[PDB]
Q: 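Here you go, one structure.
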Amino acid sequence: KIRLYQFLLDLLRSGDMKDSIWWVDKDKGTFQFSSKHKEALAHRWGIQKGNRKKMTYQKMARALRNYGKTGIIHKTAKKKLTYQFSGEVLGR
DNA sequence: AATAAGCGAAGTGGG
DNA sequence: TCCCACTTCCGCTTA
Ligand code: NA
């Protein structure tokens with residue numbers, strides 16, 4: 001099964017949900033979710049995973065928090081809904 | 001208050 | 001056995 005960071009990177013590369021997520025500085029790997037349209041993207045994540053319950057942005061962000069300990073994805077301080085892929089994730 | 005967002009122990013998958 | 005990679009639940013804090 002695809003991992004959450006790869007799901008998000010693939011969305012950013014494809015442009016398929018441009019109203020829900022976008023690059024802020026692609027060279028740095030920084031991206032941001034839409035306040036108003038993030039739930040649609042969270043829903044897609046849960047459907048792609050085949051999870052039992054409906055996925056919410058809150059649950060998806062709880063998973064993202066675990067990446068922050070390992071550095072896979074860092075949450076940008078002093079910003080909302082903004083994150084940054086590690087250099088390793090971006091190299092493929 | 002209402003709403004949004006940040007923060008951070010037990011249950012489920014698939015090894 | 002016991003870790004992976006989240007998922008779900010619960011609830012407090014900050015804006
Ligand atoms: Na526990």
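These values consider heavy atoms only, across backbone and side chains, with no hydrogens, waters or symmetry-generated copies. Lettering follows sequence order; numbering is per chain, from 1.
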Q: Is there a side-chain contact between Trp45(A) and the phosphate of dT7(C), meaning an N or O under 4.0 Å from OP1 or OP2?
A: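 Yes, such a contact exists.
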Q: Base, sugar-phosphate, or nothing: which does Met55(A) touch, judged by heavy atoms less than 4.0 Å apart?
A: sugar-phosphate
Q: Please report, rounded to the nearest Å, how far the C1' atom of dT7(C) is from the CZ atom of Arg3(A).
A: 15 Å
Q: For a quick test of reading the model: is some side-chain N or O of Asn51(A) closer than 4.0 Å to OP1 or OP2 of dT7(C)?
A: yes
Q: Can you tell me the distance, in whole Å, between the CD1 atom of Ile2(A) and the P atom of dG14(B)?
A: 14 Å
Q: Counting only side-chain N and O atoms of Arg62(A), is one of them less than 4.0 Å from OP1 or OP2 of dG8(B)?
A: no
Q: Within the structure, does a side-chain N or O atom of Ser35(A) lie under 4.0 Å from either OP1 or OP2 of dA5(B)?
A: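 Yes, within the criterion.
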Q: From C-beta outward on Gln58(A), which listed nucleotide comes closest to its side chain: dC6(C), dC7(B), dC9(C)?
A: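 Looking only at side-chain atoms, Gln58(A) lies closest to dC7(B).
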Q: Phosphate oxygens OP1/OP2 of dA5(C): is one of them under 4.0 Å from a side-chain N or O of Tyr5(A)?
A: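 Answer is no, no contact under 4.0 Å.
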Q: Please give the distance between the P atoms of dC9(C) and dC7(B) as a whole number of Å.
A: 23 Å
Q: Check whether any side-chain heavy atom of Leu64(A) sits under 4.5 Å from a side-chain heavy atom of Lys75(A), and report yes or no.
A: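 The answer is no, as the side chains (C-beta and beyond) never meet within the 4.5 Å cut-off.
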Q: Please state how far atom CE in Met60(A) lies from atom P in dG6(B), giving the value in whole angstrom units.
A: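 Interatomic distance, CE of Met60(A) to P of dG6(B): 11 Å.
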Q: Could you tell me which nucleotide pairs with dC9(C) by Watson-Crick or G-U wobble geometry, both distances under 3.5 Å, or answer none if nothing does?
A: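 The base-pairing partner of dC9(C), which may sit in any strand shown, does not exist here.
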Q: Select one nucleotide: of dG8(B), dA5(B), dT8(C), the one nearest the side-chain heavy atoms of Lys53(A).
A: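 Nearest nucleotide to the side chain: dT8(C).
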Q: Describe the nucleic acid contact of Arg52(A) in one word from base, sugar-phosphate, nothing, applying a heavy-atom distance below 4.0 Å.
A: sugar-phosphate
Q: Roughly, in whole Å, what's the span from CD in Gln48(A) to P in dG13(B)?
A: 18 Å
Q: Just how far, in rounded Å, is P of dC6(C) from NZ of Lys69(A)?
A: 17 Å
Q: Which one, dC9(C), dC6(C), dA5(B), comes nearest to the side chain of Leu81(A)?
A: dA5(B)
Q: How many Å lie between NZ on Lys59(A) and P on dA5(C), as a whole number?
A: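 Distance, rounded to whole Å: 20 Å.
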Q: Using every non-hydrogen atom in the two residues, find where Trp45(A) and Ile2(A) come nearest and quote the distance to one decimal.
A: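 In this case the closest contact between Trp45(A) and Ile2(A) is CH2-O, 3.6 Å.
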Q: What is the base-pairing partner of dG14(B), counting Watson-Crick and G-U wobble geometry with both distances under 3.5 Å?
A: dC3(C)
Q: Are the aromatic ring centres of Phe33(A) and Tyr57(A) under 6.0 angstrom apart?
A: yes
Q: At less than 4.0 Å, is any side-chain N or O atom of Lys80(A) found next to OP1 or OP2 of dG6(B)? Yes or no.
A: no
Q: Just call it for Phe33(A): base, sugar-phosphate, or nothing, with non-hydrogen atoms closer than 4.0 Å on any strand.
A: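 No contact.
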Q: Using the ring of each side chain (for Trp, its six-membered ring), is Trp23(A) parallel, tilted or perpendicular to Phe85(A), with breaks at 30° and 60°?
A: perpendicular
Q: For side-chain contact (heavy atoms from CB on, under 4.5 Å), just list the numbers for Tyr5(A) and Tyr67(A), CA-CA rounded to whole Å, side-chain angles, deciding distance to a tenth of an Å, and then say yes or no.
A: CA-CA 9 Å; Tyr5(A) 70 84; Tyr67(A) 286 156; 3.5 Å; yes
Q: To the nearest Å, give me how far apart NE2 (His37(A)) and P (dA5(B)) are.
A: 12 Å
Q: I need the NZ-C1' distance between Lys78(A) and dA15(C), as an integer number of Å.
A: 13 Å
Q: Look at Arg3(A) together with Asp10(A) and state whether they make a salt bridge at an N to O cut-off of under 4.0 Å.
A: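 Looking at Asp10(A) together with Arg3(A), the answer is no, because their closest N to O distance does not fall below 4.0 Å.
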Q: What nucleotide, of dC7(B), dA5(C), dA5(B), holds the atom closest to the side chain of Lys38(A)?
A: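 So the nucleotide nearest the side chain must be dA5(B).
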Q: Return whichever of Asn66(A) or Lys36(A) has its heavy-atom-nearest nucleotide of DNA chain B closer to the 5' end.
A: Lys36(A)
